[PDB]
Amino acid sequence: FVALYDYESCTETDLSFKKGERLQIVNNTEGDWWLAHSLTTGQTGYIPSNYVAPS
Amino acid sequence: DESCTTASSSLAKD
Amino acid sequence: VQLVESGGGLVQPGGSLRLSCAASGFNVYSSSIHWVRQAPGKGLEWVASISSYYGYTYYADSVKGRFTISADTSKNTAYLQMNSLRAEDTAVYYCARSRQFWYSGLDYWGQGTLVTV
Amino acid sequence: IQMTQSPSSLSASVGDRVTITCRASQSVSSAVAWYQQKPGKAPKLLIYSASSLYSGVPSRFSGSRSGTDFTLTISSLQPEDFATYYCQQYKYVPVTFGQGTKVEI
Amino acid sequence: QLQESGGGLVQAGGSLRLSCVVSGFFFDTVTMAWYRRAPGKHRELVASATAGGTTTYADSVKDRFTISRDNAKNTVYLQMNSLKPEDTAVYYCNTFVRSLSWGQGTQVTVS
Amino acid sequence: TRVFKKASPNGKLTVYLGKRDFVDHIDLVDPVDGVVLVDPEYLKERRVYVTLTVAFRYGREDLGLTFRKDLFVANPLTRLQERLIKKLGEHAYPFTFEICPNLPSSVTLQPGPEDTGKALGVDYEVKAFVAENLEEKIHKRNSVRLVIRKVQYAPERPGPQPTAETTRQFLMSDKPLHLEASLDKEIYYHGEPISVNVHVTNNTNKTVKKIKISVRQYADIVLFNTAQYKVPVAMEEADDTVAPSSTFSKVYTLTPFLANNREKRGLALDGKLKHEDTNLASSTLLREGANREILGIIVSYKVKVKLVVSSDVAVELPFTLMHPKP
C-alpha cells in the first residue's frame, strides 16, 4: 500500500513514486514486480515489490 | 562443485 | 619527459652496487617504474619493478633474495640496491616506466648503465 | 610463460614485406607488446596492445592476433627499419620477452 | 583433460577415425560435438551427437561423416569417409555449448 | 576481436558478452547486449531465462542488509548480436538490457580485517538459467553468474578553477585576518598531484602557528537517512608561521593514493569484479537536478586549508577526481 524509499523510472511502463505515496495494488500481483497505480497522481505502472509496505 | 573460470573466445571480422 | 640513471661500474666478484634512476616529467604515483637488464649479446630480461601507488614490489626468481627496489617520491627517483652480485649479473640496465593505470608495457626507456662483475 | 620467437634472423631488401611471429606457451590474452632496438640504443615501443599502434610509430607497422600466434608486419622496409625486434607479454607477473629477431639487408 | 587422436595423412578417397577421451568430466547427458578449423580461418562445427542418438551434421560433410559416441568408455568417435581436399583442417572436440577448455586437436591433411 | 564467455558447471549453458565495463554517459548508458548458448536437449520441456540485478550490500550475513532490483527477460538485433548468432549457430538466444541512465555506479567499500564474504557496496550481476518455470528452485550448478560494472569518465570540458576565500575578525583585533586559496585546475586524474596555492594576509594582533592541508573524501550514502562520512586521504602539515601585520604566500602539493590508506575502514574504492586491488573511488557525475535514488553511494572530494591561530580559520575547495576517457 504505502511506499518505502523513492523510485524513479526511465521507462514509460514503470510509474515513479515518492516516499509515502499511497499505491493501490491492482489485481496483477504476481512476480517480483507488481502493477499498480497511485492514488495521489493517477498513472498506472509496474513497481518493484521490493519496497511496498502493507497497511 | 563451485563455479567455472571466466574465459574468452574469438569472433569473426564480419 | 625523460629518464636518467647512474651508478654502474666495476664490481668485485661478490661485492655490492646501487643504481639510481631519476625521473623527470612523470609523477611517481601516476606511473610504475621497472628495471630491465640486457646481458652482453643476449635478449632482454626483467629483474624488478615498483608500484608505488599501491606499495607493491615484484622481482624475478634469479634476484629474489639479493636485489631491493625502492623509490623516493620527494625526489621522484627509484633505486636498485644489489646486495651480493655474482659473475652472471654483468649486463646493461635500462630503467623503464609504464602507465600505472590500465597498462604494463614499457614506453619510456633510459640510457644504459654497464655493470661489470 | 615461454615466448618463443621465429625467425631468429631475416634478410629483406628495401621495399619488401616482412613478418615476425611470436607464439606464447599458454593463453596470454591480447597482452602482447613489440619493441625495436637499433644496436647501441634503448628499445622503442611499437605496438602496445595486440594490434594497437603507439603514438609516433609510422603507419606501415601493424599487428595481429590469431589464438596464441601474434604477428608483427612491416608493409614496406625503408632503410631505417633494420634493427632487432622483441615480443613481450605482460599478463602475468613473471614478464618475459621474446628471444629476439634481427633484420639484415 | 582433453586430447584427441586419429590424425594422419590420406589421399582423396581414404578414411580416418578421429577419437578423444575426456577425463575429469562426464557426458552421460551432455551433447558432445566435433569442431574443425581450416587453416587461416575461424573454427566451425562439423557434427553433433546427443545422449539419445539425435545427431546433426554440417551441410558440407553430410552423408560422409558419422559421429559415434561411446558413453560407457567415455569416448566420442568421428568417422570420415570419401574425403576431399576441402576437408583439410584441424579437428577439435568439445561440448555443444563450448564449455570445456579447447586443448590441442588432431591434424588432418588430404592430398 | 574477442568476446567474453562463461560456462555453467553442468556444461549445458554458456553466456557470451561483448564487454564487462559499460560506460555511463549522462545522456544514455551503454546497453548490455549478449547471447546465450544452450544444449539442444536441455530445452525439451523448459524455458531459458536471463536476469540482471543491482544490489546494495551493508551486511555480513542475512542482521545483513541488502536491497536490490531484479530485471527479468525471458528468451532490432545489434551488430555484435547478429555476429554472435552467425558464429555460434541457431541455438543461441539473444538478450539485451537497457539500464537507466540514473542508477548507482559500481562502488565497493574497503573491507576491514574482520569483514568476510562479499564486500559492501554496489555491484551488477548477470545471471542466466534454464528452469521448468519460475517457482522451481535453481541451484548454483545449473546457472551462469557473471559480474559486470558501470563506470564514468572525466568530462571533456574542464570547469572553472576552484577558489575560496574567507575573513575572520578576532575580538581584540580591529583589522581582520584574510585567507585565500586556489587549486591549479578542477578535473584531476588518479595519481596527479594537487597543488593548493595558499595566500594569507594577517593584519590582526594574533599570530598563526601551523597550516594544515588535507584532501578529504565525502562518501554520501543516501539509504542511511542521507548520512555523510568524510575520511582524510592525504595530509600535509607545515609550521608556516605568519607574524602579525605581515603577509605570507606558499604553494603546497598533495597526492592521494592507496598505499597509505589501507588501514581505513569504510573507504570508497572503484568497483571490483572479485577480491582484487582497486584505486580510490572516482567522483560521481550527476545530472542537473538529479533525484536522490536510494541505491548508491555518492563520493566527492574537497581540499581543506586550516590555520591554527595561537579560533581556527578554514576553507573548503571542491574538485573532481576521475579517470580520463580512453
# chains A, B, ... in the order shown; residues from 1 in each chain; ligands from 1
$ interface_residues --of "chain D" --to "chain C" --cutoff "9 Å" --atoms "only C-alpha atoms" --output "PyMOL selection string"
chain D and resi 31-33+41-46+48-49+54+86+88-91+93-100
$ closest_atom_pairs --of "chain E" --to "chain F" --cutoff "9 Å" --atoms "only C-alpha atoms" --output "CSV"
residue,atom,partner,partner_atom,distance
E:27,CA,F:11,CA,8.8
E:29,CA,F:41,CA,8.6
E:30,CA,F:12,CA,6.6
E:31,CA,F:39,CA,6.7
E:43,CA,F:87,CA,8.9
E:44,CA,F:87,CA,8.0
E:45,CA,F:88,CA,8.8
E:50,CA,F:41,CA,7.2
E:51,CA,F:41,CA,8.7
E:52,CA,F:41,CA,8.9
E:95,CA,F:11,CA,7.1
E:96,CA,F:39,CA,6.2
E:97,CA,F:37,CA,5.8
E:98,CA,F:14,CA,7.6
E:99,CA,F:7,CA,5.2
E:100,CA,F:11,CA,7.6
$ interface_residues --of "chain D" --to "chain F" --cutoff "12 Å" --atoms "only C-alpha atoms" --output "PyMOL selection string"
chain D and resi 29-30+50-51+64-67
$ write_last_selection --atoms "N, CA, C and O atoms" --output "short mmCIF file (atom, residue, chain, number, x, y, z; two decimals), in the first residue's frame"
data_model
loop_
_atom_site.label_atom_id
_atom_site.label_comp_id
_atom_site.auth_asym_id
_atom_site.auth_seq_id
_atom_site.Cartn_x
_atom_site.Cartn_y
_atom_site.Cartn_z
N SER D 29 46.03 -13.93 -23.54
CA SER D 29 45.02 -12.97 -24.00
C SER D 29 45.69 -12.04 -25.02
O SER D 29 46.62 -12.44 -25.72
N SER D 30 45.22 -10.80 -25.11
CA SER D 30 45.77 -9.83 -26.05
C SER D 30 46.77 -8.89 -25.39
O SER D 30 46.87 -7.72 -25.77
N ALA D 50 47.56 -5.81 -28.50
CA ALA D 50 47.83 -6.82 -29.52
C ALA D 50 48.06 -6.19 -30.88
O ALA D 50 48.98 -6.59 -31.61
N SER D 51 47.24 -5.20 -31.26
CA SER D 51 47.36 -4.59 -32.58
C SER D 51 47.13 -3.09 -32.53
O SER D 51 46.72 -2.50 -33.53
N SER D 64 48.70 -8.27 -35.29
CA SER D 64 47.56 -9.15 -35.44
C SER D 64 47.63 -10.23 -34.38
O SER D 64 48.69 -10.48 -33.80
N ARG D 65 46.49 -10.86 -34.13
CA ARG D 65 46.41 -11.98 -33.20
C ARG D 65 45.48 -13.04 -33.75
O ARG D 65 44.41 -12.73 -34.29
N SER D 66 45.90 -14.30 -33.63
CA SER D 66 45.07 -15.45 -34.01
C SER D 66 45.34 -16.55 -32.99
O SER D 66 46.27 -17.35 -33.16
N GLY D 67 44.53 -16.59 -31.94
CA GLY D 67 44.75 -17.55 -30.87
C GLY D 67 45.91 -17.17 -29.99
O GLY D 67 45.81 -16.24 -29.19
#
$ residues_around --residues "residue C:17" --least-positions-apart "3" --cutoff "8 Å" --atoms "only C-alpha atoms" --output "ChimeraX atom specification"
/C:7-8,11,81-83
$ interface_residues --of "chain F" --to "chain A" --cutoff "9 Å" --atoms "only C-alpha atoms" --output "list in words"
residues 67, 68, 69, 70, 71, 72, 99, 100, 101, 102, 134, 223, 291, 292, 293 and 294 of chain F
$ write_last_selection --atoms "N, CA and C atoms" --output "PDB file, in the first residue's frame"
ATOM      1  N   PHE F  67      19.334  -4.508  -0.533  1.00  0.00           N
ATOM      2  CA  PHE F  67      18.172  -4.048  -1.274  1.00  0.00           C
ATOM      3  C   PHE F  67      18.543  -3.970  -2.742  1.00  0.00           C
ATOM      4  N   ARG F  68      17.716  -4.572  -3.592  1.00  0.00           N
ATOM      5  CA  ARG F  68      18.137  -4.833  -4.957  1.00  0.00           C
ATOM      6  C   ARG F  68      16.959  -4.739  -5.911  1.00  0.00           C
ATOM      7  N   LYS F  69      17.284  -4.608  -7.193  1.00  0.00           N
ATOM      8  CA  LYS F  69      16.326  -4.675  -8.283  1.00  0.00           C
ATOM      9  C   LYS F  69      16.563  -5.952  -9.073  1.00  0.00           C
ATOM     10  N   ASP F  70      15.482  -6.561  -9.542  1.00  0.00           N
ATOM     11  CA  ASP F  70      15.562  -7.714 -10.426  1.00  0.00           C
ATOM     12  C   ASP F  70      14.909  -7.368 -11.753  1.00  0.00           C
ATOM     13  N   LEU F  71      15.701  -7.374 -12.820  1.00  0.00           N
ATOM     14  CA  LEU F  71      15.212  -7.105 -14.166  1.00  0.00           C
ATOM     15  C   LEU F  71      15.209  -8.417 -14.934  1.00  0.00           C
ATOM     16  N   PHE F  72      14.053  -8.771 -15.484  1.00  0.00           N
ATOM     17  CA  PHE F  72      13.759 -10.125 -15.927  1.00  0.00           C
ATOM     18  C   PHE F  72      13.454 -10.124 -17.417  1.00  0.00           C
ATOM     19  N   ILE F  99      19.807  -0.478 -19.168  1.00  0.00           N
ATOM     20  CA  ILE F  99      19.703   0.038 -17.811  1.00  0.00           C
ATOM     21  C   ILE F  99      19.589   1.557 -17.842  1.00  0.00           C
ATOM     22  N   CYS F 100      18.874   2.102 -16.861  1.00  0.00           N
ATOM     23  CA  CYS F 100      18.530   3.514 -16.871  1.00  0.00           C
ATOM     24  C   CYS F 100      19.782   4.379 -16.734  1.00  0.00           C
ATOM     25  N   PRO F 101      19.759   5.593 -17.291  1.00  0.00           N
ATOM     26  CA  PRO F 101      20.909   6.492 -17.118  1.00  0.00           C
ATOM     27  C   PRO F 101      21.196   6.828 -15.670  1.00  0.00           C
ATOM     28  N   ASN F 102      20.169   6.952 -14.833  1.00  0.00           N
ATOM     29  CA  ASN F 102      20.355   7.199 -13.411  1.00  0.00           C
ATOM     30  C   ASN F 102      20.227   5.875 -12.669  1.00  0.00           C
ATOM     31  N   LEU F 134       9.058 -20.507 -13.137  1.00  0.00           N
ATOM     32  CA  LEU F 134       9.658 -19.595 -12.167  1.00  0.00           C
ATOM     33  C   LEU F 134       9.788 -20.234 -10.788  1.00  0.00           C
ATOM     34  N   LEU F 223      20.865   5.835   1.709  1.00  0.00           N
ATOM     35  CA  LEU F 223      19.929   4.927   2.360  1.00  0.00           C
ATOM     36  C   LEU F 223      19.861   5.169   3.863  1.00  0.00           C
ATOM     37  N   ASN F 291      17.381  13.392  -9.012  1.00  0.00           N
ATOM     38  CA  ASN F 291      16.746  12.867  -7.814  1.00  0.00           C
ATOM     39  C   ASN F 291      17.689  11.911  -7.091  1.00  0.00           C
ATOM     40  N   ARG F 292      17.570  11.874  -5.766  1.00  0.00           N
ATOM     41  CA  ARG F 292      18.447  11.057  -4.928  1.00  0.00           C
ATOM     42  C   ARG F 292      17.900   9.636  -4.888  1.00  0.00           C
ATOM     43  N   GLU F 293      18.364   8.804  -5.819  1.00  0.00           N
ATOM     44  CA  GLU F 293      17.959   7.407  -5.841  1.00  0.00           C
ATOM     45  C   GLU F 293      18.558   6.664  -4.651  1.00  0.00           C
ATOM     46  N   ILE F 294      17.787   5.712  -4.121  1.00  0.00           N
ATOM     47  CA  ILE F 294      18.141   5.084  -2.852  1.00  0.00           C
ATOM     48  C   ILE F 294      19.367   4.195  -2.987  1.00  0.00           C
TER      49      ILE F 294
END
$ select_by_dssp --residues "chain C" --states "helix (DSSP H, G or I)" --output "ChimeraX atom specification"
/C:28-30,87-89
$ write_last_selection --atoms "N, CA, C and O atoms" --output "PDB file, in the first residue's frame"
ATOM      1  N   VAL C  28      55.483  10.030  -9.787  1.00  0.00           N
ATOM      2  CA  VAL C  28      55.800   8.687  -9.309  1.00  0.00           C
ATOM      3  C   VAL C  28      54.529   7.897  -9.028  1.00  0.00           C
ATOM      4  O   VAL C  28      54.431   6.712  -9.369  1.00  0.00           O
ATOM      5  N   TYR C  29      53.535   8.531  -8.407  1.00  0.00           N
ATOM      6  CA  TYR C  29      52.307   7.818  -8.080  1.00  0.00           C
ATOM      7  C   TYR C  29      51.471   7.500  -9.310  1.00  0.00           C
ATOM      8  O   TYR C  29      50.637   6.593  -9.256  1.00  0.00           O
ATOM      9  N   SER C  30      51.667   8.222 -10.408  1.00  0.00           N
ATOM     10  CA  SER C  30      50.883   8.022 -11.618  1.00  0.00           C
ATOM     11  C   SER C  30      51.530   7.062 -12.602  1.00  0.00           C
ATOM     12  O   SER C  30      50.964   6.828 -13.673  1.00  0.00           O
ATOM     13  N   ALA C  87      78.904 -13.540 -10.890  1.00  0.00           N
ATOM     14  CA  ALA C  87      79.573 -13.246 -12.152  1.00  0.00           C
ATOM     15  C   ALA C  87      78.628 -13.164 -13.340  1.00  0.00           C
ATOM     16  O   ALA C  87      79.027 -12.634 -14.380  1.00  0.00           O
ATOM     17  N   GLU C  88      77.406 -13.667 -13.227  1.00  0.00           N
ATOM     18  CA  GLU C  88      76.469 -13.632 -14.340  1.00  0.00           C
ATOM     19  C   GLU C  88      75.551 -12.419 -14.311  1.00  0.00           C
ATOM     20  O   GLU C  88      74.627 -12.341 -15.126  1.00  0.00           O
ATOM     21  N   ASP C  89      75.774 -11.479 -13.398  1.00  0.00           N
ATOM     22  CA  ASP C  89      74.978 -10.263 -13.327  1.00  0.00           C
ATOM     23  C   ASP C  89      75.504  -9.161 -14.235  1.00  0.00           C
ATOM     24  O   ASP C  89      74.924  -8.072 -14.258  1.00  0.00           O
TER      25      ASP C  89
END
$ decode --residues "chain A" --atoms "C-alpha atoms" --output "compact mmCIF listing (two decimals), in the first residue's frame"
# COMPACT_ATOMS: atom_id res chain seq x y z
CA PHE A 1 0.00 0.00 0.00
CA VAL A 2 2.36 2.72 1.30
CA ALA A 3 5.71 3.21 -0.42
CA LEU A 4 9.14 2.88 1.15
CA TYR A 5 12.06 4.93 -0.17
CA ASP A 6 11.93 6.53 -3.62
CA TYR A 7 11.81 5.21 -7.19
CA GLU A 8 12.46 6.98 -10.50
CA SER A 9 11.67 5.23 -13.78
CA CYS A 10 13.46 5.54 -17.11
CA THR A 11 10.65 3.59 -18.82
CA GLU A 12 7.09 4.68 -19.53
CA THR A 13 5.68 1.34 -18.36
CA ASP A 14 7.00 1.87 -14.81
CA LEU A 15 5.50 4.52 -12.56
CA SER A 16 7.71 6.77 -10.47
CA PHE A 17 6.65 7.45 -6.89
CA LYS A 18 8.00 9.25 -3.84
CA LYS A 19 8.16 8.15 -0.22
CA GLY A 20 4.79 7.97 1.48
CA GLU A 21 2.87 7.59 -1.77
CA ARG A 22 -0.42 5.68 -1.46
CA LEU A 23 -0.14 2.99 -4.12
CA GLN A 24 -3.21 0.84 -4.79
CA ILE A 25 -2.16 -2.72 -5.62
CA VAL A 26 -4.43 -3.78 -8.50
CA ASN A 27 -5.17 -7.44 -9.22
CA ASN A 28 -1.87 -8.01 -11.07
CA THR A 29 0.19 -9.06 -8.05
CA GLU A 30 2.45 -11.96 -9.13
CA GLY A 31 6.18 -11.99 -9.75
CA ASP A 32 8.88 -9.72 -8.41
CA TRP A 33 7.22 -6.66 -9.99
CA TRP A 34 3.66 -5.61 -9.17
CA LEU A 35 1.42 -3.48 -11.37
CA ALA A 36 -0.24 -0.59 -9.55
CA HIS A 37 -1.47 2.98 -9.87
CA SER A 38 -1.04 5.90 -7.48
CA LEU A 39 -3.97 7.33 -5.51
CA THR A 40 -2.49 10.86 -5.45
CA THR A 41 -1.43 11.29 -9.08
CA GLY A 42 -3.27 8.66 -11.10
CA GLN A 43 -0.92 6.90 -13.54
CA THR A 44 -0.63 3.13 -13.88
CA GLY A 45 2.74 1.40 -13.98
CA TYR A 46 4.84 -1.50 -12.75
CA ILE A 47 6.62 -1.05 -9.42
CA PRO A 48 9.25 -3.17 -7.70
CA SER A 49 7.62 -5.07 -4.86
CA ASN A 50 10.96 -4.85 -3.03
CA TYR A 51 9.69 -1.71 -1.25
CA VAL A 52 5.96 -1.57 -0.58
CA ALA A 53 4.73 -1.54 2.99
CA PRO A 54 1.35 -3.04 3.91
CA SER A 55 -1.27 -1.15 5.95
